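Contents: one structure, followed by commentary.
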Amino acid sequence: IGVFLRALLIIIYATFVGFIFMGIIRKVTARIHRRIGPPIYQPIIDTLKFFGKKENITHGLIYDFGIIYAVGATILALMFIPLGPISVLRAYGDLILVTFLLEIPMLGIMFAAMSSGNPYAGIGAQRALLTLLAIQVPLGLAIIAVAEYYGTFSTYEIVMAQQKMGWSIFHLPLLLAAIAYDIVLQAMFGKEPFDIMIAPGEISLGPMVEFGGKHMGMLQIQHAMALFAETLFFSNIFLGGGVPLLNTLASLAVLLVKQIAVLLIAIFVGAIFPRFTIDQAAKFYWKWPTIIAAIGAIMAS
Amino acid sequence: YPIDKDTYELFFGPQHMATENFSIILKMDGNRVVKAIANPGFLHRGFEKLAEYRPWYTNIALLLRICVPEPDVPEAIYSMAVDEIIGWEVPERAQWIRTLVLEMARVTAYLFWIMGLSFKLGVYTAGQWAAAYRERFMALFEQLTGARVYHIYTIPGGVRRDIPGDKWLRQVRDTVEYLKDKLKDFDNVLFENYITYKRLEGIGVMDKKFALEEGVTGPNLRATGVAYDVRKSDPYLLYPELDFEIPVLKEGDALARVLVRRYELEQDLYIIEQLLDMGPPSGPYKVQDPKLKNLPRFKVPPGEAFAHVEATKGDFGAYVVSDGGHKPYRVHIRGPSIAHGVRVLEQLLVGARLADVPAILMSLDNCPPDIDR
Amino acid sequence: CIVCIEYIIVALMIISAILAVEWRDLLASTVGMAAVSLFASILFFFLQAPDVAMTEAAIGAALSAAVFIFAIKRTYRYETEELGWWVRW
Amino acid sequence: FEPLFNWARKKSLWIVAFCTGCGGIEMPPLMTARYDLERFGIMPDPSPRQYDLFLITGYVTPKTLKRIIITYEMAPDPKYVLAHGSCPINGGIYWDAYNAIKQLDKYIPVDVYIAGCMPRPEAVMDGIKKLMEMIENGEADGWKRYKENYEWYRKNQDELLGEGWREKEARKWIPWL
Amino acid sequence: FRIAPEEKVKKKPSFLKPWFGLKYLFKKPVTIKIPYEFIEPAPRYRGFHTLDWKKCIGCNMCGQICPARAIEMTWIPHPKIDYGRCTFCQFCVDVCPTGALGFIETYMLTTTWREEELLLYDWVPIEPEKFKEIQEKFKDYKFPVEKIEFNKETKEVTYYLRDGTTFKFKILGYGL
Ligand code: SF4
Ligand code: SF4
Ligand code: SF4
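Put into structure tokens, the structure is as follows:
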């Protein structure tokens with residue numbers, strides 16, 4: 002009953018900071034090309050609008066359950082990564098679990114985008130799945146480079162091995178995995194260079210081309226959690242937060264600073280770079296970040 | 019029962035934000051195109067049987083809306099054509115004013131084409147900057163003549179409102195020197211990155227024999243090997259005393275037809291800087307006092323006239339015929355994009371991927387109010 | 003009293019410090035600078051060192067404040083923060 | 007219950023970018039780095055479900071009034087169109103057109119009209135600001151007249167061009183494949 | 006003739022050169038906060054009409070040069091310009107012989123869906139004392155008529171101004 006309230010604390014904090022992180026993305030992309038743009042508390046009002054309609058669509062019996070499964074999977078992703086010391090479980094937060102549970106949101110946001118039935122949703126799913134094909138070639142090598150440099154997989158036995166000694170973006174056989182993660186994060190998010198699972202403008206909107214009221218609200222929740230989960234997975238592995252309430256709140260605050268830190272370098276790349284053809288997106292994630300992560304993988308062994 | 023079972027027909031209709039207002043039905047084959055016919059005419063106001071009912075002077079304001087991005091090139095061609103059938107004596111001051119507004123609307127249309135390209139090429143920063151720097155040109159036009167766009171300015175003889183003076187002519191020097199220092203920050207976002215160069219490379223290969231006989235008249239056949247600039251070949255306004263240099267490439271893929279428009283922006287801004295240091299001498303803004311009054315009853319002697327003028331997308335002509343009364347018997351406004359993104363687009367999308375259907379659509383500067391007329 | 007006037011002087015120095023940089027009028031900023039030199043001289047004297055108090059009196063009251071407005075004479079007087090067509094560009 | 011959603015509507019009006027022909031030269035720079043709309047939260051996205059602010063920018067061809075009313079049939083609750091320019095009011099300068107549709111209120115329910123040709127973005131700001139004032143209390147707008155008073159609009163839709171467009175503008179290509 | 010390059014226009018693509026588009030992370034963002042920083046439009050921006058009732062002769066010279074056929078004539087014989095079909099081209103200004111049809115900078119005009127607020131677009135334009143509704147009454151640049159009460163069989167339109175005169179007059183007959 003206490004782990005239930007603690008998990009409710011983590012999911013409601015991840016909501017009320019992940020939406021603010023997406024609003025920070027909107028604010029920085031507004032200032033990146035000379036505009037005030039929205040207030041900081043903007044996508045909260047997006048979600049609050051999208052649950053206030055009076056009609057919906059519901060094309061099929063599976064059209065509901067796919068995106069609801071996407072929200073359940075993206076909540077399951079953030080439940081294992083150690084959000085500060087307050088973790089509902091730290092015994093098993095293994096690398097392969099969190100790495101695969103980022104991809105399952107890219108199922109359910111697309112598995113229920115297929116049930117509508119559209120050439121726009123079909124070619125959006127066509128251009129979304131080649132990413133998830135191509136991005137796992139430098140992603141797996143980054144995970145092996147994290148693996149063989151430490152040995153342990155329980156993610157509480159990694160932040161302990163960071164706060165004992167050293168940082169983790171240092172020690173160059175592990176830094177070459179971080180550049181591979183810094184490039185794969187824009188694809189795993191849906192930011193502008195490797196945008197194409199969102200693609201606003203070239204195709205209509207790809208997978209989320211016609212969802213409706215409540216379904217777009219669940220998508221905004223899922224997209225904010227995908228943001229927060231992949232950013233917390235990058236920070237609790239390659240950066241390490243680790244660490251009384253005046254110690255715990257400051258621990259979560261410096262964790263939030265390192266959340267913004269990779270999120271800050273995810274935006275500066277992700278506005279000055281145009282959208283990528285999916286035929287080149289399959290060709291790019293095998294040339295440069297694969298050989299970088301492969302040099303990191305043979306230098307971690 | 020779905021009777022194709024092989025080729026799915028997605029089609030970019032009006033509400034798509036890549037194409038502006040003309041639907042291209044694409045017989046897609048997985049991720050390529052095997053047949054790309056277009057259905058234009060979502061905007062057919064009509065101007066043949068609609069501009070035949072207004073008098074000769076008031077048929078300016080109705081004729082502006084044939085091309086939206088350039089709100090001066092459609093009036094400045096009809097004002098050049100009714101100049102010919104009556105045979106005025108348009109002075110040096112009106113010629114200079116019409117020259118400078120014909121070149122500043124052209125740099126506005128280039129800036130709008132950059133913003134329209136960047137809104138569909140993903141990168142928004144080159145879109146927001148291009149619209150921001152188009153807005154100060156709009157706010158500079160507003161001092162002169164009237165509204166932002168559709169400034170009904172160039173009546174068939176001369177203009178309607180002269181310059182305000184040193185508050186205005188010094189201001190154009192300021193914004194042109196500013197944007198000439200600014201233009202080196204458009205290259206790094208739109209023309210120097212290895213994304214765009216790797217995105218528009220080799221797509222829509224236009225041949226050399228495929229441009230001159232096809233209907234193409236713009237700056238985009240000039241990226242193919244063709245030496246034809248209507249400002250250079252037959253100068254009309256105060257063009258011969260400018261000495262600008264035109265770009266010609268031997269290429270013909272899509273990014274060849276984009277770098278040529280970037281260089282046209284550079285040399286056209288150099289034109290407006292070169293034209294300003296001349297400065298207009300004295301003179302009237304109107305042409306004549308006696309043969310202009312009773313402004314509806316404006317009997318023009320019969321005959322016909324053709325005029326044609328450079329645009330952002332295509333050297334597009336007008337065709338006025340005068341029966342002899344106060345009615346244009348037929349004013350035809352040839353849209354620049356009639357065979358310039360309708361017919362040449364059909365043999366340009368065959369084989370191209372879906373990601374380069376919108377980029378090819380903007381690499382010809384397709385403006386849907388010109389096909390319909 | 004003893005410590006209450008000390009708290010009065012030190013909070014007066016702080017409120018003349020914050021309001022020395024909030025203003026846009028630079029002559030007013032020299033006024034705020036002179037008042038800061040006032041409360042610094044009084045605090046030097048109240049902390050029982052008269053040498054620094056009279057030196058800072060002869061330096062900060064009319065050789066640091068009266069050299070600064072002496073420099074804004076042939077310079078700006080406002081922030082000049084500007088309504089307008091081509092403004093804030 | 008109700009004002010927790012009512013304030014939420016007037017802060018994130020998502021506009022769909024139809025760009026209806028003549029008028030898509032003051033639809034973009036309305037929503038760019040100058041006089042803007044993202045400060046009001048007006049974020050554009052091209053989807054017929056994820057919008058609640060349709061801008062009928064100028065004239066409407068009947069080869070586009072099919073597409074506009076099909077887009078208007080898909081926004082679920084808070085669809086209210088903002089008529090623009092001076093075309094929807096009485097017909098613009100194309101009152102002498104067999105195509106350009108006069109008197110837009112007889113076809114789809116307009117909420118608010120602006121004037122201008124083209125309307126300056128300050129006038130669009132005044133239009134949206136009056137639309138915010140209208141949507142505070144909530145003022146029986148469009149989506150509340152397209153539902154109960156459907157018998158009049160469906161009759162006026164079918165009288166102009168009519169006879170089931172879902173067979174006329176669908177069978178118009180299957181011989182010409 | 007005067008071909009500019011041989012390969013001078015075509016530039017070289019580049020990896021990390023787009024970071025020079027990142028320079029405006031710290032400069033002042035170039036926007037105008039419209040509630041409430043006003044813009045002050047041009048001194049001769051084309052706007053609404055300010056007919057003078059003492060110089061108008063009713064010669065319908067404007068009637069035949071309106072491109073959108075909305076300057077139709079009434080009797081007590088002045089014109090009513092409707093902005094239903096009007097492009098603000100201001101050809102009726104420099105063609106009016108007497109000079110009794112001016113234009114002043116006023117463009118903001120927003121009306122709602124109901125017909126009683128849509129009779130607002132049929133106004134016989136008032137004297138240039140409406141310039142004392144552009145200045146001296148809260149310089150908002152909006153249409154200073156703001157409601158019109160037509161009445162069938164007792165045709166007496168009432169331009170209920172901002173706080174000034176109700177401006178009653180009868181309208182009987184149209185055309186010529
Ligand atoms: S309102 Fe004016 S500018 Fe807009 S479409 Fe109609 S005629 Fe063109
Ligand atoms: S304002 Fe322009 S369009 Fe309207 S009646 Fe006058 S001249 Fe004609
Ligand atoms: S404004 Fe001119 S044309 Fe119109 S009624 Fe008066 S005098 Fe006649």
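Chains as they are written, first to last, in full-length UniProt numbering: chain A, 2 to 244, 251 to 308; chain B, 19 to 391; chain C, 3 to 84, 88 to 94; chain D, 7 to 183; chain E, 6 to 81, 87 to 186.
The C-beta atom is built at its ideal place from N, Cα and C for all residues, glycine as well.
Ligand 3 heavy atom lying under 7 angstroms from the CB of residue i
i	result
residue 65 (chain E)	yes
residue 62 (chain E)	yes
residue 121 (chain E)	no
residue 216 (chain A)	no
residue 79 (chain E)	no
residue 242 (chain B)	no
residue 88 (chain E)	yes
residue 110 (chain E)	yes
residue 107 (chain E)	yes
Cβ shell of residue i (< 6 angstroms), same chain only, five flanking positions each side left out
i	result
residue 25 (chain D)	33
residue 91 (chain A)	83 and 157
residue 322 (chain B)	339
Own chain partners of residue i with C-beta closer than 8 angstroms, once the 5 adjacent residues on each side are dropped
i	result
residue 156 (chain B)	126, 166 and 167
residue 26 (chain C)	80, 81 and 83
residue 176 (chain A)	170 and 303
Proximity test, residue i beta-carbon vs ligand 1 heavy atom, cut-off 7 angstroms
i	result
residue 83 (chain B)	yes
residue 71 (chain B)	no
residue 385 (chain B)	no
residue 124 (chain D)	yes
residue 91 (chain D)	yes
residue 25 (chain D)	no
residue 99 (chain D)	yes
Bounding residues of the beta strand (DSSP E) (the contiguous stretch that carries residue i)
i	result
residue 57 (chain B)	50 to 57
residue 194 (chain A)	Premise fails: residue 194 (chain A) is in no beta strand (DSSP E) and is neither H nor E.
residue 322 (chain B)	321 to 327
residue 235 (chain A)	From DSSP, residue 235 (chain A) is part of no beta strand (DSSP E) but of the alpha helix (DSSP H) over 214 to 239.
residue 179 (chain E)	178 to 180
Within chain B, the residues that residue i reaches when beta carbons sit closer than 9 angstroms
i	result
residue 286 (chain A)	49, 371 and 373
Beta-carbon contacts of residue i that lie in its chain and below 7 angstroms, excluding the five residues immediately before and after
i	result
residue 316 (chain B)	73, 74, 75 and 344
residue 188 (chain A)	132, 136 and 195
Endpoints, alpha helix (DSSP H) assigned at residue i
i	result
residue 76 (chain D)	68 to 78
residue 80 (chain A)	Where residue 80 (chain A) is concerned, there is no enclosing alpha helix (DSSP H), given that its DSSP letter is neither H nor E.
residue 95 (chain A)	From DSSP, residue 95 (chain A) is part of no alpha helix (DSSP H); its letter is neither H nor E.
Chain E contact residues for residue i, given Cβ-Cβ distances below 8 angstroms
i	result
residue 210 (chain B)	16, 17, 18, 19, 22 and 23
residue 7 (chain A)	Correct list: empty, because the minimum Cβ distance to chain E is about 38 angstroms.
Closer than 9 angstroms at the beta carbon, the chain E residues around residue i
i	result
residue 27 (chain A)	Here the premise fails: no neighbours, minimum Cβ distance about 14 angstroms.
residue 26 (chain C)	By Cβ distance, chain E contributes nothing, its closest Cβ being about 16 angstroms from residue 26 (chain C), past 9 angstroms.
Contacts of residue i in chain C (Cβ-Cβ under 7 angstroms)
i	result
residue 157 (chain B)	90
residue 33 (chain E)	93
Chain D residues whose Cβ lies nearer than 8 angstroms to that of residue i
i	result
residue 102 (chain E)	Near residue 102 (chain E) there are no residues of chain D at all, since even the closest Cβ is about 14 angstroms away, more than 8 angstroms.
residue 73 (chain E)	98, 99 and 101
Neighbouring residues, chain E, relative to residue i (Cβ below 7 angstroms)
i	result
residue 280 (chain A)	23
Neighbouring residues, chain A, relative to residue i (Cβ below 8 angstroms)
i	result
residue 146 (chain B)	34, 35 and 36
Distance cut 6 angstroms, beta-carbon to ligand 5 heavy atom: residue list by chain order: Ligand 5 is not among the ligands present in this structure, which contains only ligand 1, ligand 2 and ligand 3.
What are the residues in the stretch 66 to 78 of chain D lying within 7 angstroms of chain B by C-beta distance? 67, 69, 70, 73 and 77
Of the residues that make up the stretch 35 to 68 of chain E, which ones have a beta carbon closer than 8 angstroms to any beta carbon in chain B? 35, 46, 47, 49, 50, 51 and 66
Residues within the stretch 138 to 159 of chain D neighbouring chain A, beta-carbon criterion of under 9 angstroms: 149
Short-range partners of chain E found in the stretch 78 to 105 of chain D, where Cβ spacing is below 7 angstroms: 92, 95, 96, 97, 98, 99 and 101
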